[PDB]
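Okay, so here's just one chain, in structure tokens, the form deposited in one PDB entry.
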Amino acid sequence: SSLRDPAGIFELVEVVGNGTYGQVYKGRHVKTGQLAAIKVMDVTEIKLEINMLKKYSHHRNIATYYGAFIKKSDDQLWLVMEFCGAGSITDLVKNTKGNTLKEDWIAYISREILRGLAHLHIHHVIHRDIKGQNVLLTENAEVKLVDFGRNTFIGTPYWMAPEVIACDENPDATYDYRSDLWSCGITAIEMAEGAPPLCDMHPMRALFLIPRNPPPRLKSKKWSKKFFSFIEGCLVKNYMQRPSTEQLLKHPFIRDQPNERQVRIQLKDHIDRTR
């Protein structure tokens, strides 16, 4: 009924990602040494928010909520969750030679993202910021989503779906659950190519082009037909005909992963070697 001061419960250790997520810290549960991620927030209710981030983060593919705390003074609110210690999908691809992942790696991670999205969507929650930086790895190569569901800045636009970007015919630009699926496909091109489509454009020009351009495509024809088809489904231009999270889960590229165990094993090792 009343949140406490964090002192003696959680402590901050260092900023993450040293300046990519903003006021987000690697922190530590004092009494156990267990690591936690901690968003620090100037504030002036919250019990309801947290309780809601509580209920929806109980899925193996979503970083689990821990709790909230208030540090007195403009007061501070600490939002605390499970720490994902092997970094982001974006990190991974950056630390891999050729900046590209094995197609079966991409198939595995994409499916875990979709399972996480499936969970939120059936609960009528939209993530709204799916991208490499928001998909995090553990040491066991578990895949978990963060940053789902002040606000004065606009972030990076490269993962945004067409319908999310206001323009003359779309002045009240939707967020629909299907917007997350577009973002998922962009993240898959990212894993494949090291960067999202339009990475070579100024952010503002990208924002202009996304609603106008045809669906992005993989640059290389080296990829399997299944991969190209998965990409096409995530990247249905008009969200109205875009497949649901459940349809993408049955897509052959996601559904048929014969070498799953070895893939996990490979990622795990790659993480060790890549650290």
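Numbering starts at 1 and follows the sequence shown.
Below: the form deposited in another entry, not depicted.
*Asks:* Please indicate which of 126, 211, 85, 206 marks the hinge of the motion between the shown form and the other one, where one rigid part turns against the other.
*Replies:* Domain boundary, by the fit switch, is at 85.
*Asks:* With a change of at least 3 Å, which way does the C-alpha separation between residue 20 and residue 268 go in that other deposited form: closer or farther?
*Replies:* Relative to the displayed form, residue 20 and residue 268 move farther apart in that other deposited form - a change of at least 3 Å between their C-alphas.
*Asks:* Out of closer and farther, which fits the Cα atoms of residue 95 and residue 20 in that other deposited form compared with this form, where the change is 3 Å or more?
*Replies:* Those two alpha carbons end up farther apart in that other deposited form.
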